[PDB]
Amino acid sequence: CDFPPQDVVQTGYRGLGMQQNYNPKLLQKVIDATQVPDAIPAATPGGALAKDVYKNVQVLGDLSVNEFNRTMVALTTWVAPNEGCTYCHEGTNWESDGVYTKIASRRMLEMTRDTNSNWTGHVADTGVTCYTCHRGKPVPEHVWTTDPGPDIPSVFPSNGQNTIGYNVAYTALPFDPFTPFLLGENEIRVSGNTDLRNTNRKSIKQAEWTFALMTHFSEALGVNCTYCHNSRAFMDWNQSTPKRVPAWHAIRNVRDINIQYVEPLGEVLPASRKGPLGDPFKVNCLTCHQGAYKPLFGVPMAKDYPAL
Amino acid sequence: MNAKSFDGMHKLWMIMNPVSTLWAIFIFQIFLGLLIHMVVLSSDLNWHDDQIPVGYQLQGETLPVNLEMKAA
Amino acid sequence: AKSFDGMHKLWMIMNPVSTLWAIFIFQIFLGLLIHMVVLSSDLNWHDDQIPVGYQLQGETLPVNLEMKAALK
Amino acid sequence: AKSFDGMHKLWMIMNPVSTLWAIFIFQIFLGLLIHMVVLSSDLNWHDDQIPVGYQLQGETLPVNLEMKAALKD
Amino acid sequence: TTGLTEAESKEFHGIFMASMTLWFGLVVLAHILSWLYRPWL
Amino acid sequence: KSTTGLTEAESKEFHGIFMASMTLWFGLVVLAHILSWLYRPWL
Amino acid sequence: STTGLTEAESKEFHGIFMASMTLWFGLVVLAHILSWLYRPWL
Amino acid sequence: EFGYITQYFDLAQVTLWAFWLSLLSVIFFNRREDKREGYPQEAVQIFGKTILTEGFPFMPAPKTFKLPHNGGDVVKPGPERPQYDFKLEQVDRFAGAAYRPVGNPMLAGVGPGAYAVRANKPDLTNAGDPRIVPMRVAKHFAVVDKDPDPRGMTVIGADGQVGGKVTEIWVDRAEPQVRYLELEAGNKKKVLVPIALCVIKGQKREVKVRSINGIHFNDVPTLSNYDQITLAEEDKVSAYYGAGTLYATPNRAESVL
Amino acid sequence: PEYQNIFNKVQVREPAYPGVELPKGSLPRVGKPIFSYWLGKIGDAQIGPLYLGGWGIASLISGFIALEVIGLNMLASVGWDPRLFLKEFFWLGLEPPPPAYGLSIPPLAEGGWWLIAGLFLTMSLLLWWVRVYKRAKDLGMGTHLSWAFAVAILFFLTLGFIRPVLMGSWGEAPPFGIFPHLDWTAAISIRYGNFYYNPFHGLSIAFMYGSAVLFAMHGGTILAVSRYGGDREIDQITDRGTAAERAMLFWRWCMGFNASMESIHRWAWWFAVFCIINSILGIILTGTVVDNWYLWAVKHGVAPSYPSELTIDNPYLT
Ligand code: BCL
Ligand code: BCL
Ligand code: BCL
Ligand code: BCL
Ligand SMILES: CC[C@H]1c2cc3[nH]c4c(c3C)C(=O)[C@H](C(=O)OC)c4c3nc(cc4[nH]c(cc(n2)[C@@H]1C)c(C(C)=O)c4C)[C@@H](C)[C@@H]3CCC(=O)OC/C=C(/C)CCC[C@H](C)CCC[C@H](C)CCCC(C)C
Ligand SMILES: CC(C)=CCC/C(C)=C\CC/C(C)=C/CC/C(C)=C\CC/C(C)=C/CC/C(C)=C/CC/C(C)=C/CC/C(C)=C/CC1=C(C)C(=O)c2ccccc2C1=O
Ligand SMILES: COC(C)(C)CCC/C(C)=C/C=C/C(C)=C/C=C/C(C)=C/C=C\C=C(C)\C=C\C=C(C)\C=C\C=C(/C)CCCC(C)(C)OC
Ligand code: HEM
Ligand code: HEM
Ligand SMILES: [Ca+2]
Ligand SMILES: [Ca+2]
Ligand SMILES: [Ca+2]
Ligand SMILES: [Ca+2]
Ligand SMILES: [Mg+2]
């Protein structure tokens, strides 16, 4: 039970539905978990470059040395604050690659720069840092792997549904829509462009897989269908909200993160960071929103750091 | 006793109806037969699809006539 | 020790036929239930591939292997 | 010490056969329920793989291993 | 009323109490064995 | 008063055979469990 | 009397009812003392 | 192109028209079956003349029910039996005005106390026996204990007074259930009351009949033979109890607020 | 207040009624009738006896084979555990074949069991149809209950056999679950553009609302004149009494027209059958003739048009 009163935000014409509903007691749990990190004082300008002073820099070579050290202080406070600087080095041999965390970290720096520069159709001028997903822990909280399903007899193949389904909002819908959509690249659209029978050959099962993915979009942001659609025509772009256009880019963005960066790391990481089928943990909508309409309610952290 | 303990057993059918019992036994046995066959067919002991003594779909796919037709 | 002397009088207040039918039906239901509960655990004996896996045995018969080679 | 003397008169107002049937049925239902409640906890004794795991024992028999090897080719 | 006299009630009560005591004895024994095998508190 | 029509002699007879049958059934159950313990011990 | 019990029968029933209820509440108190010793909740 | 159109006429459209025409046509047939009772209706004209009109659509052609056990044929729409002799005075001089009873309202047969003129034969079972009978003629019935046996109770009558005492129960053999209670009244006549107008209190051992008053139980219509009841008599009895819902107290027909 | 006639205050028993005599050559009725006090508080107390002949045994063999199949597959989907079966019961189901198999017969654990259960359930319902027809006709009554049953069977076969065949896939049919079949309902509305703009769907909703209205009205009216013997409808039909007269005056005065004691039952019949006729017509055209019900409604001048104020850019056009 969620006892009244509630908070309602209108987001459309009057008498059409189209509004978002909040319970003040549940929203307090999301407010009580954000915790924007504290600023790091800007670095003294000018000096020698990192490429001319350090021995093994392959990404951040065009920062001054002050900017470099500042970036490293930030990487410690964002990812691994408990274990300290030796989480990704040996003792004080900074230039060694003897740990896998340094390879992982280098690849992650590249991925964050790519998202911050090339995907502004989705993260527009707020960008991301490490803290957007690690939130001060080495392993992020909300990730996914390819779901094998419940245990069934050995001669029975999986259909991929009719269970509880914890990632698709507790429905009996297909329980793993991320493999075909957020790592593979399948068509999400199912409806026709004319009113009578034409060349469209999609089925009700494909419609169910789409419905599953949309359920996850709703849960990961704290909203309903009507945050981006008018239900009377889920396929018309002239009857959608403006928020449908960033989500369209978000999809593509997530595929990039998983195809170019995170899945190829399956060689470097240990067996601890993999699932039943032997693939690493991957990124969702929930990996950075974590139940809010913008990660951390949209505080712009990434502008203060020229390394990202 | 231990030997005369089951003497009056034949009197059972003076309190249990023979017709109801017969029908119940027959129906229960048929239901149980279907159930056990279905449970064993859904395991590793399955005997229709195990491809022993030979696989027949595979045998049909590799007949020379079918191979020559697929080659074009 | 003589506390259970009049126990045989139980059948002067409880119907023997009803009791018999209830016992039989309950025993059959419990038999089915316990077999299903133990088969769905680590003690499962139909699918455990002991003493051998039969589907795997059928996939590696020389005839089936030679047919799968000529297809591929 | 003398408070519970007339207790045997209980069966002059409560029917003995109805009470017996109620008790028996309730006891069977409770037996099933407690067994199911304990099986769904950390105390479960069918799936705990003690004293040994039998599915794991079947997956690593030499015959099954040798058959799974000759399929990777 | 149940139609039982007071003698019949006394008889029933005797056997009922004996049976209940025996049942509870068996329950206690089962729990002692379970505690020896898998202690839960 | 609730009654089944059985006299005391009929009740004695029924009780004799009922107890014999129940004892035999429990004997068979014990035998099944000894075999199962020998094959696949569960505790 | 709307239940058919006389006043003597009511007195008898009341005696045994009160004794039984007292014994039941005693057992409840004992269970709670044991639980407090094992796992205090306040 | 999202909303391109190829052709305006399709099958869904035609099928919808066909449905509009298939409805619109069962309405016609049902409305015609509705007029096998009570028609032709009586239209009052400009200065009082009455004519028979028939409505839209017109009345159907007569059909016949063949009743069992040589119970005759019933043609519908067919003739009617003649009304009895109700007296009424109109209140306002126009065709749509209401009427007032002329004499004693309880004994007038107008308003909620009107009844129909049915056959003077009892309703029958599938074997040919009378259907509603007292429990001494039907010797196989018994009241289930767990239920208050009304035989013996009194019949308080809506103003607190006593009407009489219950002496018999009248049952229905085709569907086993209670239909009437028979009671002896204040002047020692035997009268019936329908079971659907009685509130039975087992502990008070009373039957409350909210419809009529206590003294009104002396004038309930009586039966010819007390081993059966006919359709006409059922109507008379029930209608007398229904007249009291508006005529028992002079304040009952008088605008709550 | 006054007695409302909702519960039976006094009950009476006579020996059980075996039933109207059947034509010579019939089988006896099976069972000894028992009485229920709680069922007698609201209705008739007798349970049984029952008539089992040729068609009602073939039915009941088919139906139970189907039920065994459905139950066992739901149970195999949790690994045979009955505890998990009870725990997750509303989420389990037997699923149709993958749509790529078309109309062929697929292997048993990838849709063949669904096909078996569907076939056996079909045969069960057709044998039951024949039973219902013959039972009413052997007692000499009109066969009106068989016509309505035929309509219902036709709707079951339309969604399930006829539409999947006309589409070319068994994977277009519902599964056997509770939450699974609700998911099917929502998905087929989402795929074919909003069932609210299907006109046969609107008409069947009209007739389902109307069924509830009409049966509240009729149940009320007959309980309100049961003090004048109105619950005995056969006699009020073949010899109109005061109960029928009051019942028809009430509606005439209230809304201007009325039915008779026999005609209201024809209104009931039709209101229950048009609901399902429109159900069949609406499902049979979806997918096979119309691909988007909202675009159809726009082409035929039916859908409203909310004001816009903005412009959203379709990113597939950019
Ligand atoms: C870790 C948990 C332990 C365990 C801990 C316990 C505990 C603790 C108890 C049981 C009890 C029982 N356990 Mg155990 N039990 C375990 C695993 C099992 C398994 C299994 C498949 O693994 C089974 C089938 C059982 C079955 C049983 C029943 C024999 C008994 C419950 C009977 C009942 O419900 O009567 C209810 C029905 C009635 C009273 C109706 C009337 C029946 C009349 C009076 C006669 C019935 C005969 C009776 C069932 C058998 C007695 C025969 C011998 C004389 C002993 N347990 C595991 C190993 N089990 C209970 C018990 O032993 O009670 C004495 C009990 O207290
Ligand atoms: C790992 C688990 C073991 C296993 C461990 C056990 C244990 C432990 C027990 C059984 C028992 C049974 N097992 Mg086993 N069992 C296994 C696998 C199977 C398989 C299979 C398809 O794999 C089947 C079909 C069975 C079937 C059976 C039944 C014979 C028996 C259940 C009887 C019953 O419910 O009566 C209840 C119904 C009634 C009492 C109604 C009364 C009808 C009258 C009395 C006649 C009935 C005949 C009766 C079924 C059998 C008597 C046999 C004769 C002497 C030949 N088991 C596996 C290998 N099985 C039980 C048993 O042996 O009982 C002694 C038992 O205790
Ligand atoms: C941390 C919490 C504790 C716990 C804290 C408590 C507390 C506190 C209480 C109980 C009580 C009970 N607990 Mg505990 N209990 C725990 C775990 C368990 C477990 C288990 C599977 O883990 C079980 C099966 C039980 C079961 C029980 C029942 C014995 C008892 C409630 C009986 C009842 O409601 O009768 C209601 C039914 C009636 C009143 C009907 C009439 C009853 C007649 C007269 C006969 C019933 C006999 C009686 C129940 C048994 C006692 C008889 C004596 C042996 C002489 N508890 C855990 C360890 N439990 C209650 C209790 O002890 O009552 C005295 C109680 O107050
Ligand atoms: C998001 C979902 C969509 C929606 C999607 C659908 C779909 C899809 C359909 C409907 C259909 C209907 N919808 Mg809709 N519907 C929506 C919103 C609504 C709303 C509303 C208030 O919003 C209402 C009031 C309705 C109302 C209705 C009914 C008028 C109609 C169902 C007829 C019926 O009674 O079937 C119930 C009757 C049967 C199924 C007959 C079964 C008969 C046989 C004989 C059964 C015997 C079984 C046997 C004995 C037991 C078997 C054993 C077990 C299987 C194991 N819908 C929204 C827009 N709706 C149906 C329709 O008519 O389409 C035009 C339909 O197909
Ligand atoms: C005109 C349309 C409406 C309608 C009409 C209708 N249905 C009918 C009839 C008629 C006129 C019958 O004469 C026929 C009948 O005999 O009922 C008494 C029937 C019937 N409609 C039934 C159910 C039914 N009708 C439904 C719908 C409708 N029926 C429409 C709304 C629904 C819905 C809306 O979902 C259901 C579930 C059955 C009670 C009965 C047909 C019985 C039958 O075919 O049984 C034989 C086959 C078997 C499967 C035997 C095996 C055991 C069964 C499982 C027992 C049945 C129990 C019951 C179905 C429980 C409900 C289960 C569900 C929760 C899954
Ligand atoms: C509006 C206007 C311009 C007014 C000017 C006119 C003036 C000046 C005044 C007129 C006076 C007054 C007060 C008029 C009010 C009436 C008006 C204007 C409108 C109301 C009309 C109205 C609400 C009708 C709706 C009718 C509909 C759609 C009904 C739905 C249900 C339906 C289809 C029922 C058909 C089946 C029927 C007839 C059921 C009734 C019925 C039932 C239910 C039985 O059980 C029963 C049992 C035994 C015998 C008979 C019956 C029986 O007839
Ligand atoms: C554990 O349980 C046991 C085994 C002990 C038994 C217990 C049974 C239980 C608990 C069962 C539970 C059942 C439930 C919840 C069922 C839910 C059912 C629902 C809600 C179903 C809803 C819809 C399904 C529909 C409409 C299916 C329609 C299918 C059709 C019409 C099939 C047509 C197929 C045909 C005619 C066959 C053609 C095949 C062929 C051979 C011609 O193809 C070429
Ligand atoms: C404040 C403590 C830290 C210090 C003092 C520090 C110091 C340094 C130095 C001096 C270098 C350049 C050395 C060289 O390669 O020649 C370097 C590189 C690097 N450090 Fe750290 N570091 C710290 C914390 C971290 C942490 C927490 C991480 C892991 C999150 C990390 C990951 C890296 C990576 C990936 C590089 C390589 C950068 C590149 O390739 O361009 N460091 N560090
Ligand atoms: C597929 C899952 C995703 C969906 C559907 C999605 C959707 C959206 C939407 C709709 C917005 C605009 C919010 C608004 O204006 O109300 C948004 C903003 C944002 N998202 Fe995502 N997102 C997803 C994944 C991610 C991921 C993985 C990250 C982190 C890498 C991320 C970071 C951001 C940021 C930073 C913003 C705010 C940008 C701004 O201020 O305009 N999103 N997202
Ligand atoms: Ca890229
Ligand atoms: Ca084989
Ligand atoms: Ca084995
Ligand atoms: Ca174990
Ligand atoms: Mg599904």
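Residues numbered from 1 in each chain as written, not as in the entry; some residues may be left out. Chains lettered and ligands numbered in written order. Part of a larger assembly, values for the part shown. Heavy atoms only, no water. Residues with missing side-chain atoms left out of burial classes, pairs and counts.

As summarised from the PDB record, the model derives from cryo-EM at a stated resolution of 2.82 Å.

1. Examining the overall build of chain A
For the record, the criterion: The numbering of helices and of strands both runs from the N terminus, where a helix is a DSSP run of H or I of at least 4 residues and a strand a run of E of at least 2. The buried label applies to any residue whose accessible area, calculated with a 1.4 Å probe on protein chains only, is under 20% of its type's maximum; exposed applies above 50%, and partly exposed to all values in between. In this analysis, two residues are considered to be in contact whenever any of their non-hydrogen atoms come within 4.5 Å of each other. The method behind every accessible area is Shrake-Rupley, applied with a 1.4 Å probe, and residues are considered shielded solely by the protein chains displayed. We treat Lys and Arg as the positive residues and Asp and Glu as the negative residues; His and chain ends play no part in the count. The location of each charge is read from NZ of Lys, CZ of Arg, CG of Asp or CD of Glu.
Along chain A, the regular secondary structure elements total six helices and two strands. Going residue by residue from the N terminus, the α and β elements of chain A occur as β-β-α-α-α-α-α-α. For chain A, the spread of C-alpha atoms along the three principal axes comes to 70 × 55 × 45 Å. Buried residues in chain A amount to 42% of all 308 residues. Long-range contacts, defined as pairs at least 24 residues apart, comprise 60% of the intrachain contacts of chain A with a sequence gap of at least 6. Just so you have it, chain A exposes about 16,200 Å², and 54% of that area is on carbon and sulfur atoms. Put simply, chain A has 27 plus and 29 minus side-chain charges, and the middle of one group is 6 Å from the middle of the other.

2. Thoughts on the interface of chain H and chain I
Condition: Definition used for salt bridges: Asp or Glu carboxyl oxygen within 4 Å of a side-chain nitrogen of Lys or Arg. Between N or O atoms, a polar contact is any pair within 3.5 Å; within protein, one atom must be a potential hydrogen donor and the other a potential acceptor, and residues adjacent in sequence are included only when both atoms are from side chains. Charged residues are taken to be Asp, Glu, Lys and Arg, nonpolar residues to be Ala, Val, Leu, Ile, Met, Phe, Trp, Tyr, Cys and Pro, and polar residues to be all remaining types, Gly included. A pair of strands is labelled paired if DSSP reports no fewer than 2 bridges between them.
Across the boundary between the two partners, chain H contributes 71 residues, which contact 54 residues of chain I. Linking chain H to chain I there are nine salt bridges. For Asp123 of chain H, the salt bridge identified is with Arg232 of chain I, shortest N-O distance 3.9 Å. At the junction of chain H with chain I, the criterion picks out 21 residue pairs in polar contact. Broken down by element, the side of chain H that touches chain I gets its largest block of residues, eight residues, from helix α1 (residues 11–22) of chain H. Here the residues of the side of chain H that touches chain I sort into 37 nonpolar, 15 polar and 19 charged. Judged from the two bridges that link them, strand β8 (residues 142–143) of chain H and strand β1 (residues 12–13) of chain I form a sheet pairing that is antiparallel. By the bridge assignment, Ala142 of chain H is partnered in β1 of chain I with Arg13 of chain I.

3. What to know about the site of ligand 1
Threshold: Nearness is defined per residue: one heavy atom within 4 Å of the molecule or strand is enough.
Around ligand 1, a shell composed of 14 residues is seen, among which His35, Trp45 and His46 of chain D together with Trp23 and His31 of chain E lie nearest. Those chains with residues close to ligand 1 are chains C, D and E. Taking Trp45 of chain D, its side chain carries an N or O atom lying 3.0 Å from an oxygen atom of ligand 1. Within the side chain of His46 of chain D, an N or O atom sits 3.4 Å from an oxygen atom of ligand 1. For the shell around ligand 1, the elements supplying multiple residues, two or more each, are α1 (16–39) of chain D together with α1 (6–37) of chain E.

4. Regarding the packing of helix α7 (residues 199–224) of chain I against helix α10 (residues 263–284) of chain I
How two helices pack is summed up by the angle between their axes together with the distance between the axes. All names here are of chain I. For the record, the criterion: Every axis in this analysis is a line fitted to C-alpha atoms, fitted for helices over the stretch in contact. Angles between the N-to-C directions lie between 0 and 180 degrees. Between 65 and 115 degrees an angle is taken as roughly perpendicular, under 35 as roughly parallel, over 145 as roughly antiparallel, and anywhere else as oblique. If you view the pair so one helix is near and one far, a crossing is left-handed when the near helix is turned anticlockwise from the far one by less than a right angle, and right-handed when it is turned clockwise.
At a minimum axis distance of 8 Å, the contact between α7 and α10 shows a crossing angle of 155°. In terms of orientation, α7 and α10 fall into the roughly antiparallel class. In this structure, α7 crosses over α10, and the sense of that crossing is left-handed. Across from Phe200, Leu203, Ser204, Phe207, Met208, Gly210, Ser211, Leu214 and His218 in α7, the residues of α10 making contact are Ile264, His265, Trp267, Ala268, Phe271, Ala272, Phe274, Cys275, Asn278, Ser279, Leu281 and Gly282. When its residues are assigned to classes, the contact of α7 with α10 shows 13 nonpolar, eight polar and no charged.

5. Details of the UniProt feature "binding site: bacteriochlorophyll a" (unreviewed entry) in chain I
All names here are of chain I. Which entries qualify depends on this criterion: UniProt positions are given in the numbering used here, feature names are shortened, and annotations may be inferred rather than shown by experiment.
Feature annotation in UniProt places "binding site: bacteriochlorophyll a" (unreviewed entry) on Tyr196, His201 and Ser279, given in this structure's numbering. A maximum C-alpha distance of 13.2 Å among these annotated residues, which run over 84 residues, shows that they cluster at one spot. Its place among the elements puts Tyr196 in the loop between α6 (179–191) and α7. Tracing the backbone through its elements, the reader meets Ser279 in helix α10. Since its relative accessible area comes to 15%, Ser279 is described here as buried. Look past the residues within four positions of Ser279 in its chain and what remains in contact with it is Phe155 and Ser204. Among the polar contacts made by the side chain of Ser279, one reaches the main-chain carbonyl oxygen of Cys275 at a distance of 3.0 Å.

6. Quick look at the site of ligand 9
All names here are of chain A. Condition: Delimitation of the domains relies on an automatic or database domain assignment.
Near ligand 9 you find 18 residues, and of these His122, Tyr227, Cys285, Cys288 and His289 are the closest. With respect to ligand 9, the side chain of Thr126 contributes an N or O atom lying 2.9 Å from an oxygen atom. In the environment of ligand 9, an oxygen atom lies 2.6 Å from a nitrogen or oxygen atom belonging to the side chain of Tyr227. Across the shell around ligand 9, the residue classes tally to 11 nonpolar, five polar and two charged. Both domains that meet at the shell around ligand 9, namely domain 1 (23–140 + 294–308) and domain 2 (141–192 + 202–293), each give it at least three residues.

7. Focus on the pairing of strand β11 (residues 177–184) of chain H
Residues and elements named next belong to chain H. Of all the eight residues making up β11, six are buried; the element is thus mostly covered by neighbouring parts of the structure. Pairing analysis gives seven bridges linking strand β10 (residues 162–172) to β11, with the strands arranged antiparallel. Bridging across to β11, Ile169 finds its partner in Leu181. As judged from the five bridges shared by β11 and strand β12 (residues 190–194), these two strands associate in the antiparallel manner. Within β12, the residue paired with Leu181 across the bridge is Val193. Where β11 folds back on β12, the antiparallel hairpin that results is connected by five residues, among which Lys188 adopts a positive phi of roughly 70°.

8. So, the coordination of the iron atom of ligand 9
Residues and elements named next belong to chain A. What counts, and what does not: Coordination here is defined by N, O and S atoms within 2.8 Å of the metal (3.2 Å for Na, K and Ca), and since water is not considered, a site can look incomplete. A four-donor site is classed as tetrahedral when every donor-metal-donor angle falls between 85 and 135 degrees; four donors are called square planar, and six octahedral, when trans pairs exceed 155 degrees and all remaining angles lie between 65 and 115, with any other arrangement labelled irregular.
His122 (NE2) and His289 (NE2) make up the full set of protein donors to the iron atom of ligand 9, lying at 2.4 Å. Its six donor atoms give the iron atom of ligand 9 angles of 81 to 179° at the centre, a pattern that matches the octahedral case. Within this pair, whereas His122 is found in the loop between α3 (100–118) and α4 (178–183), its partner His289 is found in the segment after α6 (244–262), the two being separated by 167 residues in sequence. Look at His122 and you get partly exposed, because its relative accessible area is 27%.

9. Looking at the UniProt feature "binding site: heme b 1" (unreviewed entry) in chain A
Residue and element names in this part refer to chain A. With numbering aligned to this structure, UniProt lists the feature "binding site: heme b 1" (unreviewed entry) at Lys55, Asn56, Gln58, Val59, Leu60, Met72, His89, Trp94 and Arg106. Checked against the element boundaries, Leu60 lands in the loop between α1 (24–31) and α2 (65–78). The contacts of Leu60, once residues within four sequence positions are left out, are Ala50, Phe68, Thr71, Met72, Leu109, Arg113 and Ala307. Along the chain, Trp94 falls in the loop between α2 and α3. Aside from chain neighbours lying at most four places away, what touches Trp94 is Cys85, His89 and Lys102.

10. Concerning the coordination of the magnesium atom of ligand 4
Each angle at a metal carrying four tetrahedral donors should ideally be 109.5 degrees, and each at a metal carrying six octahedral donors should ideally be 90 or 180 degrees. When only protein atoms are considered, the magnesium atom of ligand 4 has one donor, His201 of chain I (NE2), at a distance of 2.6 Å. As for its placement among the helices and strands, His201 of chain I is situated in helix α7.

11. Some remarks on the nonpolar core
Residue and element names in this part refer to chain H. What counts here: By nonpolar core is meant a set of buried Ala, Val, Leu, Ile, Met, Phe, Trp, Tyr and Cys residues that side-chain atoms within 4.5 Å join together.
Of all hydrophobic cores here, the largest spans 38 residues; its most connected members are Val209, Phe217 and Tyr241. Among the elements of the structure, β7 (132–134), β10, β11, β12 and α3 (231–247) are those that each provide at least two residues to this core. A total of five residues in this core trace back to one element, the largest contributor, which is α3. In this structure, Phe217 is in contact with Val155, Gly157, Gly163, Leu183, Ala185, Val191, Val209, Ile212 and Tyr241, ignoring residues within four places of it in sequence.

12. Observations concerning unusual backbone geometry
The step from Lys76 of chain H to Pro77 of chain H runs through a cis peptide bond, and the omega angle for that step is -5°. Mapped onto the fold, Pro77 of chain H is located in the loop between β4 (73–76) and β5 (88–90). The step from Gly48 of chain I to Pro49 of chain I runs through a cis peptide bond, and the omega angle for that step is 0°. Examined against the element boundaries, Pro49 of chain I turns out to sit in the loop between β3 (46–47) and α2 (55–76). Despite not being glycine, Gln51 of chain B has its phi angle at roughly 60°, a positive value. Positive phi, close to 85°, is recorded for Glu54 of chain H, a residue that is not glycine.

13. What to know about the packing of helix α1 (residues 18–41) of chain B against α2 of chain I
Where α1 of chain B contacts α2 of chain I, the axes come no closer than 11 Å and their chain directions differ by 35°. Once α1 of chain B is placed against α2 of chain I, the crossing between them reads as right-handed. Contacts between α1 of chain B and α2 of chain I involve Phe31, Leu34, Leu35 and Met38 of chain B on the former and, on the latter, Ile65, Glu68, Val69 and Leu72 of chain I. Here the contact of α1 of chain B with α2 of chain I is composed, by residue class, of seven nonpolar, no polar and one charged.

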